[PDB]
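Shown here is one chain on its own, the form deposited in one PDB entry, set out as structure tokens.
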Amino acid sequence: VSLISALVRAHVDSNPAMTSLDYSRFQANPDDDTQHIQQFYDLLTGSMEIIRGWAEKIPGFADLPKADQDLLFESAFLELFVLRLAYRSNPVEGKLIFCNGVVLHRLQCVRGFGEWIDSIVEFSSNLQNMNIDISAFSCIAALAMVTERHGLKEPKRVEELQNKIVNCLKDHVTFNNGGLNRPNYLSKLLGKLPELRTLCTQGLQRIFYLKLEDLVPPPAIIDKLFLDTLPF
């Protein structure tokens, strides 16, 4: 199996299928609930598990020390939640498609996600305007996780894996352009990664707000990851 094939499989097998989406909760025009907050947390915790399975399907990832795996996964989690949500969704219709296949309107997400959902949809729109095929996306997603972080036990190995993925992506882009390079396109593509950082911080801000509001406290796994991430 080629590396890009393995990256595509990791992506496809960790995303809901277009042929089995769940519309049973969707409302194009719905009518503060503790319910919306709870669901917001459920969507984050359900997504953690699926992204963890995705990460374990990236060749080389399971070869890293357990601490390195945890560091990479935990540091990238919210970025990945946003990236994959934005790729899967239908921003023009205001349709968010979560990793379990549940389709919800933007207006349904507003009570749980606050403003952050609006930032997500905007980024989705910008991302989809770039016409990133499945193979290129699979590489980009991997690169949001397989990246330099401070305090890795095997940073050279992470860097080699990063470089292998970058080279897949490069060859893929060039091949799909009939053998000519697209170095500016590749730049714009990799430029989507720094933009995920802002979206991550906005997700942290939402959890911060909900924790302070204290109507529904975050569940232990979110609380722990949230608190451990804080510089204070």
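Residues that one form lacks are left out of the comparison. Counting begins at 1, following the sequence as shown. Rigid core (definition): largest C-alpha set, two forms, superposition within 1.5 Å.
The form deposited in another entry exists for this protein as well; it is not shown, and the discussion that follows is about that form.
- Of the candidates 167, 187, 177, 45, the Cα that moves 2 angstroms or more after core superposition between this form and the one not shown belongs to 177 alone.
- In the other form, the CA atoms of residue 181 and residue 7 sit farther apart than in the displayed form, by at least 3 angstroms.
- Distance between the C-alpha atoms of residue 227 and residue 140: shorter in the other form than here (change of 3 Å or more).
- Look at the core-aligned forms between this form and the one not shown and you find runs of 3 or more residues with C-alpha shifts of 2 angstroms or more at 175 to 183, 227 to 232.
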